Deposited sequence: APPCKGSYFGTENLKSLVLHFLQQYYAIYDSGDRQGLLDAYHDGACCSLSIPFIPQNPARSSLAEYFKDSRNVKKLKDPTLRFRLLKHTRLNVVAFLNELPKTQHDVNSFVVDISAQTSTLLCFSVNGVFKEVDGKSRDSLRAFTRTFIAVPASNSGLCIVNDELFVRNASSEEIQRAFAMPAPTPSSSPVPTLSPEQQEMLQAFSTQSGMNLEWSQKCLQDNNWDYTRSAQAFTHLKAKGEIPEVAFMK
């Protein structure tokens, strides 16, 4: 059984590329207004959110736009839960709880790559900075697939975000700040 490793980038070139993208992306994401993301998404980009189907803070805020094809069967309801076009994509994102991610603790896997495609997954944690779940720690995996951007950047054409509650194991770790010992 291969030994579980962290982030996988393949080339330092894509590492710096992707990591840079995430810095800019989440700088805007946690800013208070995610509108600046309209430049990160393609005109006909897609976005959808999913949460665990299964007493920590509530995810009721994500339940409304939760897309689970395994559980939800109606083709028309399936279709509506999928945000299409950057306008709808970003309009939706701006409705989500304000956030503050731990970008530098992100574990990234670049799984696919061609001259026009770059698929990669992001795993990490983020605090909700307000609302009824303020100070709560969420965990998430987000998959983007990008096409080359006119500026050596990335244009996200596909974005699937999975939001969950950090497990007691993760929380313990994230918040630990013990005195140094030999």
query = What ranges of the deposited sequence, counted from 1, have no C-alpha atoms in this structure?
reply = 55-58, 187-250
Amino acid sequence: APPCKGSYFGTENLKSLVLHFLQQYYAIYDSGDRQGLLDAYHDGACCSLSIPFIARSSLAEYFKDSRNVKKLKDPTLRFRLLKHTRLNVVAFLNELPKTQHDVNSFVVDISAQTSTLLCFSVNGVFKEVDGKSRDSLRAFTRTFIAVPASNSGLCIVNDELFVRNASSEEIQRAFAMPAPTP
From here on, numbers count along this sequence of modelled residues.
note = Assert higher mean C-alpha B factor (111-119 or 60-68, deposited values) equals 60-68
query = Averaged over C-alpha atoms, is the B-factor higher for 127-135 or for 30-38 in this PDB entry?
reply = 127-135
query = Among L49, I54, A45, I145, where is the Cα temperature factor highest, going by the PDB entry?
reply = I54
request  = Looking at the entry's B-factor column for C-alpha atoms only, identify whether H84 ranks in the lowest, middle or highest third of its chain.
outcome  = lowest
key: Assigned third (lowest, middle, highest) for the C-alpha B factor of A149   = highest
remark   = On the chain's distribution of Cα B-factors, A91 falls within the third called lowest
note = For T76, the third of its chain by CA B-factor is the highest
